[PDB]
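The data block below is run-v2.csv; it holds CSV, C-alpha atoms and all ligand atoms.
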```csv
chain,number,residue,atom,x,y,z
K,1,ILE,CA,-22.7,77.8,34.4
K,2,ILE,CA,-20.3,80.6,35.4
K,3,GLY,CA,-17.1,80.4,33.3
K,4,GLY,CA,-16.4,77.0,31.7
K,5,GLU,CA,-17.0,76.7,28.0
K,6,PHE,CA,-19.7,76.1,25.3
K,7,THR,CA,-20.6,72.7,24.4
K,8,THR,CA,-23.1,70.6,22.3
K,9,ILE,CA,-25.2,67.6,23.4
K,10,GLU,CA,-22.7,65.1,21.9
K,11,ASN,CA,-20.5,65.9,24.8
K,12,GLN,CA,-23.2,65.2,27.4
K,13,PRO,CA,-25.7,63.0,25.5
K,14,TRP,CA,-27.6,62.2,28.7
K,15,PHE,CA,-28.5,65.8,29.5
K,16,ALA,CA,-32.2,66.5,29.5
K,17,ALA,CA,-33.8,69.9,29.1
K,18,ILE,CA,-36.9,70.3,31.2
K,19,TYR,CA,-39.5,73.0,30.3
K,20,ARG,CA,-43.0,73.9,31.7
K,21,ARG,CA,-46.1,75.1,29.9
K,22,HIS,CA,-47.7,78.2,31.3
K,23,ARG,CA,-51.5,78.8,31.2
K,24,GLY,CA,-51.7,80.9,28.1
K,25,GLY,CA,-49.2,78.6,26.5
K,26,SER,CA,-45.8,80.1,26.7
K,27,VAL,CA,-43.1,77.5,27.3
K,28,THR,CA,-40.2,78.5,29.7
K,29,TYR,CA,-37.1,76.5,30.8
K,30,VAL,CA,-37.2,74.9,34.2
K,31,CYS,CA,-34.0,72.8,34.9
K,32,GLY,CA,-31.7,70.1,33.6
K,33,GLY,CA,-31.7,66.4,34.2
K,34,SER,CA,-30.0,63.2,33.3
K,35,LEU,CA,-31.2,60.2,31.4
K,36,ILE,CA,-30.5,57.1,33.4
K,37,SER,CA,-32.5,54.6,31.3
K,38,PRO,CA,-34.7,54.8,28.2
K,39,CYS,CA,-37.9,56.0,30.2
K,40,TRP,CA,-36.3,57.7,33.2
K,41,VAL,CA,-34.9,61.1,33.7
K,42,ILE,CA,-33.3,62.1,37.0
K,43,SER,CA,-33.4,65.7,38.3
K,44,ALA,CA,-34.0,67.8,41.5
K,45,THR,CA,-37.4,68.0,43.3
K,46,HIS,CA,-37.0,71.8,43.9
K,47,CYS,CA,-37.4,72.4,40.2
K,48,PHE,CA,-40.9,71.0,40.5
K,49,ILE,CA,-42.3,71.5,44.0
K,50,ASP,CA,-44.3,74.6,43.2
K,51,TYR,CA,-45.9,73.1,40.1
K,52,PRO,CA,-46.1,69.4,40.9
K,53,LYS,CA,-48.4,68.4,38.1
K,54,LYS,CA,-46.8,66.1,35.4
K,55,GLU,CA,-49.0,67.6,32.5
K,56,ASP,CA,-47.3,71.0,32.5
K,57,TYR,CA,-43.8,69.6,31.8
K,58,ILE,CA,-41.9,69.0,28.5
K,59,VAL,CA,-38.5,67.2,28.4
K,60,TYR,CA,-36.2,67.3,25.4
K,61,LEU,CA,-33.4,64.8,24.8
K,62,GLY,CA,-30.6,65.4,22.4
K,63,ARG,CA,-30.9,69.2,22.5
K,64,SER,CA,-27.9,71.6,22.6
K,65,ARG,CA,-29.8,74.9,22.4
K,66,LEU,CA,-32.4,76.7,24.7
K,67,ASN,CA,-34.9,78.3,22.4
K,68,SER,CA,-34.2,76.5,19.1
K,69,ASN,CA,-34.5,72.9,18.1
K,70,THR,CA,-31.5,70.8,17.6
K,71,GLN,CA,-31.4,68.3,14.8
K,72,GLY,CA,-32.3,64.7,16.1
K,73,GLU,CA,-33.8,65.9,19.4
K,74,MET,CA,-36.6,63.9,21.0
K,75,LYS,CA,-39.5,65.5,22.8
K,76,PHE,CA,-41.4,63.9,25.6
K,77,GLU,CA,-44.2,64.3,28.0
K,78,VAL,CA,-43.9,63.3,31.6
K,79,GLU,CA,-46.0,60.2,32.1
K,80,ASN,CA,-44.8,60.5,35.7
K,81,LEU,CA,-43.4,63.1,38.1
K,82,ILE,CA,-41.9,61.5,41.3
K,83,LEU,CA,-40.7,63.9,44.0
K,84,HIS,CA,-38.9,62.8,47.1
K,85,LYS,CA,-41.3,62.4,50.0
K,86,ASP,CA,-38.6,63.6,52.5
K,87,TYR,CA,-37.8,66.8,50.6
K,88,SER,CA,-37.3,69.8,52.7
K,89,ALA,CA,-36.2,73.3,52.0
K,90,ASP,CA,-34.4,75.6,54.5
K,91,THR,CA,-33.4,79.2,53.4
K,92,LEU,CA,-30.7,77.8,51.1
K,93,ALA,CA,-30.3,74.1,51.8
K,94,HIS,CA,-32.6,71.7,50.1
K,95,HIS,CA,-32.7,68.1,51.6
K,96,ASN,CA,-33.4,65.0,49.5
K,97,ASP,CA,-33.4,67.1,46.4
K,98,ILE,CA,-34.0,64.4,43.9
K,99,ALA,CA,-36.8,63.7,41.4
K,100,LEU,CA,-37.6,61.1,38.7
K,101,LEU,CA,-39.5,61.8,35.6
K,102,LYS,CA,-40.8,58.9,33.5
K,103,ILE,CA,-40.8,60.1,29.9
K,104,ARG,CA,-43.0,59.2,27.0
K,105,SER,CA,-43.5,60.5,23.5
K,106,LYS,CA,-46.9,61.4,21.8
K,107,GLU,CA,-46.3,58.0,20.1
K,108,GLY,CA,-45.8,56.4,23.5
K,109,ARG,CA,-42.2,55.6,23.5
K,110,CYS,CA,-39.2,56.1,25.6
K,111,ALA,CA,-35.6,57.4,24.5
K,112,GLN,CA,-34.0,55.7,21.5
K,113,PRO,CA,-30.3,56.0,21.8
K,114,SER,CA,-28.3,57.9,19.3
K,115,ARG,CA,-25.0,59.8,18.9
K,116,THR,CA,-26.8,62.7,20.7
K,117,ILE,CA,-28.9,60.7,23.3
K,118,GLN,CA,-27.3,58.0,25.6
K,119,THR,CA,-27.7,57.1,29.3
K,120,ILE,CA,-25.4,57.8,32.2
K,121,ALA,CA,-24.4,55.2,34.8
K,122,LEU,CA,-25.4,55.6,38.5
K,123,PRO,CA,-22.5,55.2,41.0
K,124,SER,CA,-22.5,52.0,43.0
K,125,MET,CA,-23.6,52.5,46.6
K,126,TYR,CA,-21.7,54.9,48.9
K,127,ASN,CA,-19.0,55.1,46.2
K,128,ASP,CA,-17.7,58.6,45.2
K,129,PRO,CA,-14.4,60.0,44.2
K,130,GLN,CA,-12.0,61.4,46.8
K,131,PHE,CA,-12.0,65.1,47.5
K,132,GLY,CA,-10.0,67.1,45.1
K,133,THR,CA,-11.3,65.0,42.2
K,134,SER,CA,-12.3,66.9,39.0
K,135,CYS,CA,-15.8,66.4,37.8
K,136,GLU,CA,-17.9,68.1,35.1
K,137,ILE,CA,-21.2,70.0,35.3
K,138,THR,CA,-23.5,70.8,32.4
K,139,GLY,CA,-26.4,73.2,31.9
K,140,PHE,CA,-28.3,76.2,30.5
K,141,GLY,CA,-28.0,78.3,33.7
K,142,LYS,CA,-26.8,81.9,34.0
K,143,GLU,CA,-23.2,82.8,32.8
K,144,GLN,CA,-23.0,85.5,35.4
K,145,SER,CA,-25.1,86.0,38.5
K,146,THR,CA,-26.2,89.5,37.4
K,147,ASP,CA,-27.5,88.1,34.0
K,148,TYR,CA,-31.2,88.3,33.2
K,149,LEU,CA,-30.8,86.0,30.2
K,150,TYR,CA,-29.8,82.3,30.1
K,151,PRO,CA,-27.3,81.2,27.5
K,152,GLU,CA,-28.9,80.0,24.3
K,153,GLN,CA,-26.0,77.4,24.0
K,154,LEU,CA,-25.5,74.6,26.4
K,155,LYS,CA,-22.4,74.9,28.6
K,156,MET,CA,-20.1,72.9,30.8
K,157,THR,CA,-17.3,73.4,33.3
K,158,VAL,CA,-15.0,71.5,35.7
K,159,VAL,CA,-15.2,71.8,39.5
K,160,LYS,CA,-13.4,69.8,42.2
K,161,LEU,CA,-15.0,67.7,44.9
K,162,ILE,CA,-14.8,69.3,48.4
K,163,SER,CA,-14.7,67.1,51.6
K,164,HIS,CA,-17.7,66.9,53.9
K,165,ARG,CA,-15.2,68.3,56.5
K,166,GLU,CA,-14.2,71.4,54.5
K,167,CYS,CA,-17.7,72.1,53.5
K,168,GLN,CA,-18.8,71.7,57.2
K,169,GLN,CA,-17.0,74.8,58.2
K,170,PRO,CA,-18.7,78.0,59.4
K,171,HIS,CA,-17.2,80.2,56.7
K,172,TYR,CA,-18.5,77.7,54.2
K,173,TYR,CA,-22.0,76.2,54.8
K,174,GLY,CA,-21.9,75.1,58.4
K,175,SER,CA,-24.6,72.5,59.1
K,176,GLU,CA,-26.7,73.4,56.0
K,177,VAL,CA,-24.6,70.6,54.2
K,178,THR,CA,-25.2,66.9,55.0
K,179,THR,CA,-23.6,63.6,54.1
K,180,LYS,CA,-26.5,63.3,51.6
K,181,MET,CA,-25.0,66.3,49.8
K,182,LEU,CA,-21.7,67.0,47.9
K,183,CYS,CA,-19.8,70.2,47.6
K,184,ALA,CA,-17.8,71.1,44.6
K,185,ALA,CA,-16.0,74.2,43.5
K,186,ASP,CA,-13.2,75.8,41.6
K,187,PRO,CA,-9.7,76.5,43.7
K,188,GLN,CA,-10.2,80.4,42.4
K,189,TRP,CA,-14.0,80.3,42.9
K,190,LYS,CA,-13.8,81.2,39.2
K,191,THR,CA,-16.4,78.8,37.7
K,192,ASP,CA,-19.5,77.3,39.1
K,193,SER,CA,-23.2,76.2,38.7
K,194,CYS,CA,-25.7,79.0,38.9
K,195,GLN,CA,-29.4,79.7,38.6
K,196,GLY,CA,-31.0,77.5,35.9
K,197,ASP,CA,-28.4,74.7,36.2
K,198,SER,CA,-30.4,72.9,38.9
K,199,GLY,CA,-31.3,69.3,38.2
K,200,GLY,CA,-28.5,68.6,35.8
K,201,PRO,CA,-25.5,66.3,36.1
K,202,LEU,CA,-22.3,66.3,38.1
K,203,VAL,CA,-20.4,63.6,36.3
K,204,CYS,CA,-17.1,62.1,37.6
K,205,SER,CA,-15.0,59.4,36.1
K,206,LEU,CA,-15.2,56.7,38.7
K,207,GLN,CA,-13.3,53.4,38.1
K,208,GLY,CA,-12.8,54.8,34.6
K,209,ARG,CA,-16.5,55.1,33.8
K,210,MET,CA,-18.6,58.3,33.4
K,211,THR,CA,-20.7,58.3,36.5
K,212,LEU,CA,-23.6,60.4,37.7
K,213,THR,CA,-22.1,61.4,41.0
K,214,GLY,CA,-24.3,64.4,41.8
K,215,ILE,CA,-27.3,66.4,40.7
K,216,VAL,CA,-27.0,70.3,40.9
K,217,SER,CA,-29.1,71.3,43.9
K,218,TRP,CA,-28.2,74.6,45.7
K,219,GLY,CA,-25.6,77.2,46.8
K,220,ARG,CA,-25.3,80.7,48.1
K,221,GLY,CA,-24.8,82.8,44.9
K,222,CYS,CA,-22.5,81.5,42.3
K,223,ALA,CA,-18.7,81.5,41.9
K,224,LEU,CA,-18.5,83.1,45.3
K,225,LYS,CA,-15.6,82.7,47.6
K,226,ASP,CA,-16.2,79.9,50.4
K,227,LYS,CA,-19.5,79.2,48.8
K,228,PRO,CA,-19.4,76.0,46.8
K,229,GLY,CA,-22.1,74.6,44.6
K,230,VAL,CA,-24.1,71.8,46.4
K,231,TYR,CA,-25.2,68.6,44.6
K,232,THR,CA,-27.4,65.7,45.7
K,233,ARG,CA,-25.2,62.8,46.5
K,234,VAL,CA,-26.6,60.1,44.2
K,235,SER,CA,-24.8,57.2,45.7
K,236,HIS,CA,-26.9,57.7,49.0
K,237,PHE,CA,-30.2,57.3,47.1
K,238,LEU,CA,-29.9,54.1,45.1
K,239,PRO,CA,-32.7,52.3,46.9
K,240,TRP,CA,-35.0,55.3,46.4
K,241,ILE,CA,-34.0,55.3,42.7
K,242,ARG,CA,-34.3,51.5,42.4
K,243,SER,CA,-37.7,51.3,44.0
K,244,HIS,CA,-39.1,54.3,42.2
K,245,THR,CA,-38.2,53.3,38.6
K,246,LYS,CA,-40.6,50.4,38.2
K,247,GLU,CA,-44.1,48.9,38.2
G,1,LIG,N1,-24.3,76.0,42.7
G,1,LIG,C1,-25.5,76.7,42.7
G,1,LIG,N2,-25.5,78.1,42.9
G,1,LIG,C2,-26.8,78.6,42.8
G,1,LIG,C3,-27.2,79.9,43.0
G,1,LIG,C4,-28.6,80.1,42.9
G,1,LIG,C5,-29.5,79.1,42.5
G,1,LIG,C6,-30.9,79.4,42.3
G,1,LIG,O1,-31.5,80.2,43.0
G,1,LIG,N3,-31.4,78.8,41.3
G,1,LIG,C7,-32.8,78.9,40.9
G,1,LIG,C8,-32.8,77.7,40.0
G,1,LIG,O2,-32.8,76.7,40.6
G,1,LIG,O3,-32.6,77.7,38.8
G,1,LIG,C9,-29.0,77.8,42.3
G,1,LIG,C10,-27.7,77.6,42.5
G,1,LIG,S1,-27.0,76.0,42.3
```
For the file at hand, write its structure as structure tokens.
Amino acid sequence: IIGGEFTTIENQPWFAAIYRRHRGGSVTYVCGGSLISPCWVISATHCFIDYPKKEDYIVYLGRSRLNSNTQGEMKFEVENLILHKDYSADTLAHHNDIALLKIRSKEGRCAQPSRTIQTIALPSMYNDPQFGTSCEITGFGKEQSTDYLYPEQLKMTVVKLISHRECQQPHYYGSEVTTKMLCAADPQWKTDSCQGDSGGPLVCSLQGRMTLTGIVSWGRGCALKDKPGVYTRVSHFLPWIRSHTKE
């Protein structure tokens, strides 16, 4: 998250922090995600495609910090890593960049809600705010593009929804951007998602409810003029999500 501000998990209690175990046993951060129900975290497929095996992943809920534990956090394994069959990666653009992780504890349970761990509503089908709407994005991604380190403290910022039509332009993304994607950006290109924020939430207030409108997916650089952040448009994948979150 370029710009924006520091936050804690109370202000985004559905945010999930996804890590992977390396052979040799170091644990490194992967991406964010969003808890949509007690046993289901939603994220991007690109976070996972190179290491598609569900036993290497660890998911924390209720965690505000990168490399230190937060009081009341819950730690999970991935009983289940579900990647979108139609995924596709071009140079930048990732298509169908959506993934479901079914979480379970060593004790075999899902999330128990708390002050620091709640779920986020999906939008209803093909229902998104109008362009120019202000939404929030959350993550542990880089604070500046040149950084080597990721912030130890969770961050969020505000970006505004850009029309399919604006984002369509040459000087923007041309045809890299589909109607299954959403663009969002700051009017001064001042603040943005960046490397490491992938998989986490773009949350818009939609009919006065906090709604998971987008999932951080890609962009050319960060906080670059004419180069918005690109988000998977959740309201075009509800059947995929509905089918894949069952028995
Ligand atoms: N809005 C975004 N800008 C960028 C720039 C770079 C990257 C990127 O390379 N990320 C690696 C990663 O996914 O963490 C992701 C984004 S998402």
Practice task
Would you list the residues that come within 9 Å of ligand LIG 1 (chain G)? Count only C-alpha atoms and all ligand atoms and give the answer as a PyMOL selection string.
Solution key: chain K and resi 1+30-31+46-47+92+141-142+145+183-185+192-199+216-224+227-231
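Proximity ranking of K:74, K:93, K:110, K:98 relative to residue 40 in chain K places K:110 first, based on all atoms listed in the file.
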Handout entry: Gap from CA of residue 130 in chain K to CA of residue 44 in chain K - Å, one decimal
Key =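 Atom-to-atom, CA of residue 130 in chain K and CA of residue 44 in chain K are spaced 23.5 Å apart.
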Problem - Distance criterion (all atoms listed in the file): nearest to residue 101 in chain K out of K:181, K:154, K:81, K:27 - result: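 Among the listed residues, the smallest separation from residue 101 in chain K belongs to K:81.
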Exercise for the section: Grab the CA of residue 200 in chain K to CA of residue 246 in chain K distance for me, in Å with one decimal place. Expected result: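 CA of residue 200 in chain K sits 22.0 Å away from CA of residue 246 in chain K.
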Practice task
Do a neighbour search on range 60-70 of chain K at 10 Å with only C-alpha atoms, toss out local chain neighbours closer than 2 positions, and write the hits as a VMD selection string.
Solution key: chain K and resid 6 to 19 27 to 29 32 to 35 41 58 72 to 77 103 111 to 118 139 to 140 150 to 155
Handout entry: Residue nearest residue 109 in chain K among K:159, K:38, K:132, K:59 (counting all atoms listed in the file)
Key =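 Selected residue with least distance to residue 109 in chain K: K:38.
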Exercise for the section: One decimal, Å: what's the distance from CA of residue 125 in chain K over to CA of residue 88 in chain K, could you say? Expected result: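 Between CA of residue 125 in chain K and CA of residue 88 in chain K the gap is 22.9 Å.
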Handout entry: K:242, K:157, K:87, K:79 ranked by distance to residue 105 in chain K, top pick (using only C-alpha atoms)
Key =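 Once distances to residue 105 in chain K are computed over only C-alpha atoms, the minimum belongs to K:79.
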Handout entry: Which of K:211, K:163, K:45, K:91 sits closest to residue 122 in chain K [using only C-alpha atoms]
Key = K:211
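With all atoms listed in the file as the atoms that count, the residue of K:104, K:209, K:244, K:95 with the shortest distance to residue 177 in chain K is K:95.
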